[PDB]
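One chain comes next, on its own, written out as structure tokens in the form deposited in one PDB entry.
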């Protein structure tokens, strides 16, 4: 049975034609620091690290060695498989990817047990999964916000009319929080605390009623742990520029959109996908600034994997 695979930065999802999302596993590998060989992938990497083997290092590559990709691919593909025969594999790839890179991915996926492999741009996959009328002769717009990248695209008739990718997304919001707290309180927090702040009280604006949070980090004068209280308002200000860039790429993409497709998107609205789109009120902020309806997709995390699975019903286009 044909598969679609979304090798996300943090999470990897495998769709099987008919079964749907069969596999949800961290995009992690475990490597022997002695031989530098991948000894586990995904949940096997997770458990191996959790038993503390020693001589093992945990990496997250998806944040592009050909052999890593091949190894990881071989694991997710065999794990997803009652075996019917070698699978046709659709692989989700970021928008900016180059042709030599696309052939690298295809060849590693073939190496990994695929009978043949095809690539799909992440925003195209997000649009299919979000159920936008991507095959109609009308304009649809998707904003997919991940951890590493924010990809915007206008779609019409099974293709990307125009598209823009920026390296400002989930991780960069965390990092803005870290640098705000460093500048405002001379406290240094790690990434786990920056992530928890963003999730628990983060917002793109209108932070009223979201709440305060107690956090711990390293005082930069003394080097000793310290506890402070942070407010939703401060996190809104800390994320201001991050949000402003996401807004600007949405505007820049409309500005390179043909006037009729721009007209259709303005009637139908912009659809936000990815985990980064769950930032409180990003939809309202983007809507306020573009003068356009914005909505968050129904299943914002599985959109891309579901779109990648659905694109198997149109293998012709990608082949």
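Residue numbers count along the first chain shown, from 1. Only the largest set of C-alpha atoms that superpose within 1.5 Å between the two forms is called the rigid core.
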**Report entry** residue 82 left out of the model in a third or more of other PDB entries
**Finding:** yes
Query raised in the report: What is the count, as a class, of unmodelled deposited residues between residue 63 and residue 64: none, 1 to 3, 4 to 9, or 10 or more?
Result: 4 to 9
Requested in this report: Please figure out whether residue 81 and residue 82 are truly consecutive in the deposited sequence or have unmodelled residues between them, and give none, 1 to 3, 4 to 9, or 10 or more.
Outcome: 4 to 9
Report task. Report the stretch with the higher mean CA temperature factor, choosing between 52-60 and 280-288 on the basis of the entry. Result -> 52-60
Requested in this report: Ordered by C-alpha B-factor within the chain, which third holds residue 16? Give me lowest, middle or highest, please.
Outcome: highest
Report task. Would you mind ranking residue 185 by its C-alpha B-factor against the rest of the chain and naming the third, lowest, middle or highest? Result -> middle
Query raised in the report: So where's residue 301 on the chain's Cα temperature factor ranking, which third?
Result: middle
Requested in this report: Would you mind ranking residue 221 by its C-alpha B-factor against the rest of the chain and naming the third, lowest, middle or highest?
Outcome: middle
**Report entry** Chain third (lowest, middle, highest) by recorded CA B-factor, residue given as residue 312
**Finding:** highest
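There is also a form deposited in another entry; it is not shown, and the following applies to it.
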Query raised in the report: If you fit the two forms on their rigid core, which residue out of 187, 127, 91, 154 shows a CA shift of at least 2 Å between this form and the one not shown?
Result: 187
**Report entry** After fitting the core, residue 219 CA displacement of 2 Å or more between this form and the one not shown
**Finding:** yes
Requested in this report: Using a rigid core alignment, state whether the CA of residue 254 is displaced by 2 Å or more between this form and the one not shown.
Outcome: no
Requested in this report: Superpose the two forms on their rigid core, then report whether the C-alpha of residue 32 is displaced by 2 angstroms or more between this form and the one not shown.
Outcome: yes
